[PDB]
Amino acid sequence: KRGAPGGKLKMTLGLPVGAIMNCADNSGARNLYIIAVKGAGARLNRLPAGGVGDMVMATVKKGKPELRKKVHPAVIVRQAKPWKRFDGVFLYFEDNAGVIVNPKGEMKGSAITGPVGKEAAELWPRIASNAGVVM
Amino acid sequence: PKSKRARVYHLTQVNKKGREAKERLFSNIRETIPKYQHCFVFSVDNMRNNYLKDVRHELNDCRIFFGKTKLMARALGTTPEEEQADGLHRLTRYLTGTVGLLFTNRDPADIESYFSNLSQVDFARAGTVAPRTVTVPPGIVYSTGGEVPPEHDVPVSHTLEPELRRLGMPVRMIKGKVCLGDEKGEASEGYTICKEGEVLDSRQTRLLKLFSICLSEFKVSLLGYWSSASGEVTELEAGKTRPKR
Amino acid sequence: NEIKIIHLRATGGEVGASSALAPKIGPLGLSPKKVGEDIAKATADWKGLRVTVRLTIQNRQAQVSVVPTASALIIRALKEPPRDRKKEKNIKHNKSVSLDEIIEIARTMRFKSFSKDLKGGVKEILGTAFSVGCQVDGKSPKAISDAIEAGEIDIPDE
Amino acid sequence: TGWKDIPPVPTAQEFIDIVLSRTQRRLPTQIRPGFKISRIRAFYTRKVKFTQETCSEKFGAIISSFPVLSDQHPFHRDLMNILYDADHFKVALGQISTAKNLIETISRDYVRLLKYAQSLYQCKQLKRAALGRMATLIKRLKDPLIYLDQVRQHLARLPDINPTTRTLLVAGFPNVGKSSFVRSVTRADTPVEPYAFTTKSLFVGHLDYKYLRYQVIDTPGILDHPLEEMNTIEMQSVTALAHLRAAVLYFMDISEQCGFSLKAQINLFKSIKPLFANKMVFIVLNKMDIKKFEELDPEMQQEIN
Amino acid sequence: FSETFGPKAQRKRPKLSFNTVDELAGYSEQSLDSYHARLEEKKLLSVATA
Amino acid sequence: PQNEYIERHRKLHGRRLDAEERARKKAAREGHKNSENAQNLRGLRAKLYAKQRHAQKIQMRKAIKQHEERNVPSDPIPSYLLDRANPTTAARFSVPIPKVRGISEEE
Amino acid sequence: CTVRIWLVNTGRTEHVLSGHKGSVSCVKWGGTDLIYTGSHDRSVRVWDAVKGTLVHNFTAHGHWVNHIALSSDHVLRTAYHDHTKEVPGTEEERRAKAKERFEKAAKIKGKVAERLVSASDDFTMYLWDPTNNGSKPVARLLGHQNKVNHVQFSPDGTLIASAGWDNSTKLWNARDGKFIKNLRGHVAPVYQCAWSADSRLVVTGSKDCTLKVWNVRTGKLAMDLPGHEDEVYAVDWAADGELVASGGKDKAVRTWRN
Amino acid sequence: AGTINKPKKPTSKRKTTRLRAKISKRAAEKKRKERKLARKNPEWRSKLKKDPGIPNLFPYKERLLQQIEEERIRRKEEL
Amino acid sequence: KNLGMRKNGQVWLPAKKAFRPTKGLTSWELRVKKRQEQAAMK
Amino acid sequence: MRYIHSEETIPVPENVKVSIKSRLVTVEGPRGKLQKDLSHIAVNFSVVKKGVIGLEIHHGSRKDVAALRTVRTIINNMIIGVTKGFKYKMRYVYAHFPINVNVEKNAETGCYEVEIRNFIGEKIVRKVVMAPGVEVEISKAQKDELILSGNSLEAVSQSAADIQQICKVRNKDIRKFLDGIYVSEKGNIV
RNA sequence: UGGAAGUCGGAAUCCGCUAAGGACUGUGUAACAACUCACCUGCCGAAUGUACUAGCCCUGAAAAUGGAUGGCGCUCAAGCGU
Ligand SMILES: Nc1nc2c(ncn2[C@@H]2O[C@H](COP(=O)(O)OP(=O)(O)OP(=O)(O)O)[C@@H](O)[C@H]2O)c(=O)[nH]1
Ligand SMILES: [Mg+2]
């Protein structure tokens, strides 16, 4: 199976391809540079983009050299672009942040710093188990 | 006519006989009249006729011709100017349908005793009357279909199942066994191949042969014989009753 | 008390013919080694030759007999040197058989033949020898059969 | 895992038909003599390169999909050497690789010539020459493709035997009850029939004992003669006994309804005993409903003990 | 190729690198040892970026 | 499943109930289908079909002729050269091609 | 696939030797009354000529067996005839002299042991001593890059000459099977070879229409013999050493002398 | 094929003058060329052609052969 | 009733006759005679 | 060649009524009435004998002569339909999921409806409507058998073909998945 | 050949009884069995079979704006031959 998750409602995509977001777990990486988004469509000239709860393909630019030369699956857990949930609430976080996982969705690290978004928490049951604040 | 049935060329050894077989039959018969002193005509009708080999083997001193009826009639001679011997044109009135010629040197009483004591149990052919009702039981289908007890019987081979379905038996494959309905003889009545007095067709006779059940007999009926010494044709019991041409 | 007849092919002077035989004789209640010993005792006069054996079983004892066959009789009458089957394979029966013992084989096969005459029996045996691959009087059994049919060679009657 | 993922291997004529149909239908086919010579050269060069690319893709898929006998476990490698001739297997795949390399070389040569071709007729002759030479190269591979397709189907139907797990290996003469035991203890559909060599290939079932997964391997029967006289069917069992670290269950029928002498059973056990080093051996006396061990000859019982 | 494997195959005797039972047991031993050594050197020797 | 499992399923359960009849009817319709292909295929597919049918007809004629004919090296070589693959083996000092097409300097 | 033994005066076959799965390409009859055959089924067989039964079956060649050679072939071909040019008076003396010549040419380490060599299409050669070794070959003669067509022992029994399809003739020690020297003068495959009676010289006739006489002690081309218009098929050297006969595709016999 | 519901571009039967002239020129050139090849033909030609004869289904063929035989005998007698 | 088995199972089909649209034009005796003169002429 | 006159013959049983007007054939028997329009074929009908119907074509080609055989067999089929009727016995088989077959008669159409459920575990309910004049029953003598009967052979056989073609296995190996409904026997009701 | 019985293979391929039947044309079995074909007989009933030749018709390769026997249209012609 590919990394695109089912049952995800439409939200504002705040992180296009080329964005650098913080790395919110303890795997050793400090940031993730987005090179691709799972489940992205096909339009001429359109950059692929992801929101909170989406799996992207990311490259570590700052962190351990062991994590440096590989492309990792990551899940976006926080974004700064304001988006709306179905209860009418627009919301945003103070930073863009994601966690490194495997293609099945188990986390590489062991703990998450800071809160995670709801959409990430329902879509990935391991992140819901490793999150200290769900927000 | 471009649209035509494609004829299959056979890549087999045996070819069609032709007129040479007719000439060989003519020569064989015409050389076997003078060697024998009686010539019987016998009839076997609506029969499998595979025991004529054993009849030939047991009558090794005699000669039996079982050929085309009109070919044997023209060999013996239908008309008095064409007959090979004196009185052979009288014998050709019995050559209709399925007949055979029996050239012999024996006493005719011996031949009549042999063909009155000759009895072989035989498979029925299509068109005969069934003497007894045959019904295969439900459950496991056996090789004889209930003729012998199932304890002494063997289950029928699994390759015969599509043939039984094509012949009308509602059989099925259960774990490699041919079964009628269910394995325990449930939810299906037994299948009646033939009933009392019903005229058998080829489907029923093929079913009976597949289940190895014989409902007929092989009987040779002597119609009459021509004697070379007297030049006379003596008529026999089936010879009075059978139509002639 | 019933009589049951089983035909099999066995190599003479060999016990292992009972190997494939014993899967079915075991339910009937006989001793496979005893049946194999009886088969070897019956086929002791047929060393190295495949022969057919009739097993008649009744009341859980078996008696053996060797049913004669034309090919086995011809191969025996060829008088090939004794040999082992395991180390010598792909052999050919290219020796010579005399016409007198061909007639003798025909007289033995008279009980199986449906031919009317000993001439027809001799021609059947000559065809079997032709299939085997041997020679009759230094010539081809087809050629002797053709000579017999043409009348150059006279076969005794009975 | 298994070897069911090997794509089907076409014949020589089917291969040529597939490659030429790809070249015919996946590229434009209309070029005019009035066009530019660079345009004509590009058209015919593209034809040659596309044909070589299709051939290389198919041949590389065939080469990479088949097992590498040098990389297998000794059990799997020797099992493929028994079922398949290892020399024939390696020669067939080497011929596939050689044809792939020669097709690439022919393509390079004809592209280099098409760089200097001066007319549409010359370009067409060079393209047809390259395609015909590649077609001849595929045509000489008529027998390896048939052999590899048969090998592929048999490999896809092979059982999956793990050589490094808990395994019960059942061996003995035919008609002693090996498949009966395997069918009774597992879910494997191995046939049980009264004739010898009913089972002509390795079968595997599975059971659970104390929450652990055990695999049980049913083997063809083994006869009493040296390795030079055993055929491939008994070599499957012999390879299994030689390379699988297992629990060997040697099944013996003292009733001798299997058709073999119990002397031969003892002698076969003594002959295959050196394979049982570092392994665990259990003589299973089957068919006790027919003849019991106490009914047997005390000398024979002394030998078995 | 046609007489080795397939519907018209006639091969019955395989080609073996051993002749006796003891040679078979020994050959299996060094075969497993060589396989383990090859696995060890292979081990000694997320996808990577292009 | 393992080994010849489709043949084992064939032994245990058989075909579909109409398999033989459908196969027989299809084999019967082959003549109409082949004539429809001969009259209705277009283009390169039709050309390849025509060449294939021509080859099968020539092969069938050869087979029939051989079956009708059933009821009726070249150069001397030594014994060590027998059964091997050998070639068939078939003043004006003029070459086999005395004249060709002339090629101009512009070409 | 058969070998038939004929009695000359009657023309009748006494024994038929069968068991080969291919064409029997070469047969030899040894002085201990044994028959050696080589066939296309990759096998060499030793038969007892008295009983007509197989004795030995060597199946170590990998392709067709083309030629076999006995160590006593030179004396068995000529019987009691020798360099003296007078014959013994009676049949018993002639048979005794023939047997003495055979035993002298076939003695190995003081006992009679006929030595056999077989050449095959698998580029290899095998040296067998059935009396002392049985089915285990004495040596694998290795080094020919193509098929070996012809092989012959030397009359003194110390050397083996082999002609190959790799345009080469090779010399071998007849005791251990060790390669000695390669004779390189032919440009087409060498078909036949033959020894001189003094075991100094080998004549080889090849496909390149030439005969070549090689001195084996110097390992050098002593003589070149052109004159055949086509391929040379049959080459023989007389037991007297006076003449060499050759014939082939040009249909004319050629006799060569000093 | 989906010809009836979705036909393709029609094949034009309207010839062009250039193609008609080219076809006529090539036909004339082929006819001259085959005259030249028949002139330089080395293939053997019989002096007298094989006459097919009288058809079998002609009801008076036997009678016609009778006048043929009678006329040849009369010519032999006259000569 | 029908004694034989039709191959396609349509047992209601009648016993069909040969499609001979030119039937009845020429008698048998005349055809035998014309065979005789045809053989003589050939 | 154009044939001057060609003719075919149809015997009629004693209890059967045949009416032909403007090539529209109506055949009535003990079991009911069938009707077919044959005005697309050029044919002249006549009563050549008591209980015998003659079919003739004048100045027709070989194809026009051959069409009379089809007309003969069609009218004989209607005769056999109104006399003895037509019966198709079908069998439905399965491996694991039993096929549940429900047979009902719709009142406002008068036609029978066959509902098929649990075909290889499918949740969909297949519904096949019979032709008017076709009667469907579930056999009680044999196991898993439908019996279709009627006067019109074309209607009965097309209904049986619909019942086969609705239970078709898609995207599975047909050498392994053998479930379906098949016509097992064809014959007459009487 | 582990097994191989006409039907996994290699080579031979004859005779008897014949009306005729291959040391077998296919389906089938582990091997057998069983079915089928070549061939023969009974029923029937009068003309057929094969291969070519000549006409007319279909296929016998086609791209890219929507279009062309000049257009409508034409089918015992308003097409083809005299
Ligand atoms: N009376 C009795 N018969 C048995 C017993 N076990 C097996 N048999 C019979 O022996 C025959 C052989 O059974 P299989 O299970 O096939 O034994 P096998 O032939 O060695 O197994 P494979 O060769 O691997 O197929 C069967 O047909 C059984 O009827 C037993 O315990 N008691
Ligand atoms: Mg078994």
Side-chain angles (χ1 to χ4, degrees), chain B residues 154-155 158 175-177, chain C residues 16 18-32 60, chain D residues 79 82-83 158-159 161 167-207 215-224 230-241 244 246-262 264-266 268-269 272 282-296, chain F residues 1-5 7-8 11-12:
Chain B
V154 65
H158 74 95
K175 299 298 293 295
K177 295 183 291 294
Chain C
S18 78
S19 178
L21 182 63
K24 64 182 181 293
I25 306 299
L28 277 296
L30 268 296
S31 170
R60 281 82 65 193
Chain D
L79 184 57
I82 293 302
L83 291 168
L158 269 184
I161 292 175
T167 183
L168 286 73
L169 186 55
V170 180
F173 283 98
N175 284 341
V176 307
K178 304 182 304 293
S179 295
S180 291
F181 173 75
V182 174
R183 157 169 308 245
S184 59
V185 303
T186 56
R187 214 180 75 86
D189 191 17
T190 187
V192 168
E193 293 283 347
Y195 65 96
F197 293 103
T198 296
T199 300
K200 297 202 298 180
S201 58
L202 299 171
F203 279 83
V204 56
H206 296 78
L207 61 83
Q215 70 177 5
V216 186
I217 303 172
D218 188 17
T219 67
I222 303 183
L223 292 163
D224 194 10
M230 293 180 183
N231 46 38
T232 48
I233 304 180
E234 316 168 24
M235 292 297 102
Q236 305 185 40
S237 311
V238 170
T239 301
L241 289 166
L244 292 168
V248 180
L249 281 76
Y250 192 85
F251 274 59
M252 290 177 39
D253 184 16
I254 62 170
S255 305
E256 292 192 1
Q257 293 179 356
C258 53
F260 295 98
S261 75
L262 183 62
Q265 302 182 26
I266 301 299
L268 180 54
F269 185 82
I272 68 186
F282 307 85
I283 292 156
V284 177
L285 309 175
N286 208 303
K287 305 186 183 175
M288 288 294 106
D289 48 292
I290 301 299
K291 185 181 289 293
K292 294 181 176 67
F293 186 79
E294 50 91 17
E295 290 289 326
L296 202 62
Chain F
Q2 46 195 337
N3 310 309
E4 293 172 351
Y5 50 90
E7 289 174 17
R8 177 136 183 81
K11 186 180 289 293
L12 289 172

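Each ligand, and each atom within it, is numbered from 1 in the order the structure gives. Heavy-atom basis, side chains included; hydrogens, waters and symmetry copies ignored. Note on naming: letters A, B, ... go to the chains in the order of the sequence lines (proteins, then strands), and numbering restarts at 1 for each one.
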When you compare ligand 1 with [X], is there at least one nitrogen or oxygen pair between them that comes in under 3.5 angstrom?
| X | result |
| --- | --- |
| D:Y195 | no |
| D:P174 | no |
| D:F197 | no |
| D:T198 | no |

Flag, side chain of [X] to backbone of [Y], donor-acceptor distance under 3.5 Å:
| X | Y | result |
| --- | --- | --- |
| D:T198 | D:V192 | no |
| D:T219 | D:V170 | yes |
| D:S237 | D:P220 | yes |
| D:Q236 | D:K200 | yes |
| D:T232 | D:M235 | no |
| D:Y250 | D:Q265 | yes |

Considering the heavy atoms of [X], write down every atom of ligand 1 situated less than 4.0 Å from one of them.
| X | value |
| --- | --- |
| D:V176 | 17 (O), 18 (P), 20 (O) |
| D:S180 | 7 (C), 13 (O), 14 (P), 15 (O) |
| D:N175 | 12 (C), 18 (P), 19 (O), 20 (O) |
| D:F173 | 20 (O) |
| D:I290 | 1 (N) |
| D:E193 | 12 (C), 16 (O), 27 (O) |
| D:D218 | 24 (O) |

Heavy-atom contact check, 4.0 Å cutoff: does [X] meet ligand 1?
| X | result |
| --- | --- |
| D:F203 | no |
| D:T219 | yes |
| D:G221 | no |

Query raised in the report: Taking side chain as C-beta onward, heavy atoms only, is D:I161 less than 4.5 Å from D:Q215?
Result: yes
Query raised in the report: Mind checking whether F:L12 and F:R8 have side chains closer than 4.5 Å, heavy atoms only?
Result: yes
Query raised in the report: Please walk me through it: do D:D189 and D:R183 pass salt bridge (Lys or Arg N to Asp or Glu O under 4.0 Å)?
Result: CA-CA 7 Å; D:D189 191 17; D:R183 157 169 308 245; 2.7 Å; yes
Query raised in the report: Please walk me through it: do C:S19 and D:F260 pass side-chain contact (heavy atoms from CB on, under 4.5 Å)?
Result: CA-CA 6 Å; C:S19 178; D:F260 295 98; 3.3 Å; yes
Query raised in the report: Mind checking whether D:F251 and D:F181 have parallel, tilted or perpendicular rings, split at 30° and 60°?
Result: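 Answer is tilted, since the angle falls between 30° and 60°.
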Query raised in the report: atom 29 (O) of ligand 1: protein heavy atom closer than 4.0 Å?
Result: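 No, there is no protein heavy atom closer to it than 4.0 Å.
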What protein heavy atom sits nearest [atom], and how far away is it?
| atom | answer |
| --- | --- |
| atom 25 (O) of ligand 1 | D:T199 OG1, 2.5 Å |
| atom 22 (P) of ligand 1 | D:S179 OG, 3.2 Å |
| atom 17 (O) of ligand 1 | D:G177 N, 3.0 Å |
| atom 6 (N) of ligand 1 | D:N286 OD1, 3.7 Å |
| atom 26 (C) of ligand 1 | D:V192 CG1, 3.7 Å |

Query raised in the report: With a 4.0 Å cut-off, would you call D:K178 and D:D218 a salt bridge?
Result: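 No salt bridge links D:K178 with D:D218.
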**Report entry** Option whose closest heavy atom lies nearest to atom 3 (N) of ligand 1, chosen from D:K287, D:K178, D:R183
**Finding:**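 Among D:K287, D:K178, D:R183, the closest heavy atom to atom 3 (N) of ligand 1 belongs to D:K287.
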Requested in this report: For ligand 1, note which part of D:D289 has a heavy atom under 4.0 Å away: side chain, backbone, both or neither.
Outcome: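 Answer for D:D289: side chain.
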Query - D:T199 backbone or side-chain N/O/S under 2.8 Å from the Mg ion (ligand 2) - result: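 Checking the Mg ion (ligand 2) against D:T199, no N, O or S atom falls under 2.8 Å.
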Query raised in the report: Does the pair D:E256 and D:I254 meet the rule for a side-chain contact (heavy atoms from CB on, under 4.5 Å), with working shown?
Result: CA-CA 5 Å; D:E256 292 192 1; D:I254 62 170; over 6 Å; no
Query - D:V284/D:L249 under side-chain contact (heavy atoms from CB on, under 4.5 Å): CA gap, chis, key distance, verdict - result: CA-CA 6 Å; D:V284 177; D:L249 281 76; 4.0 Å; yes
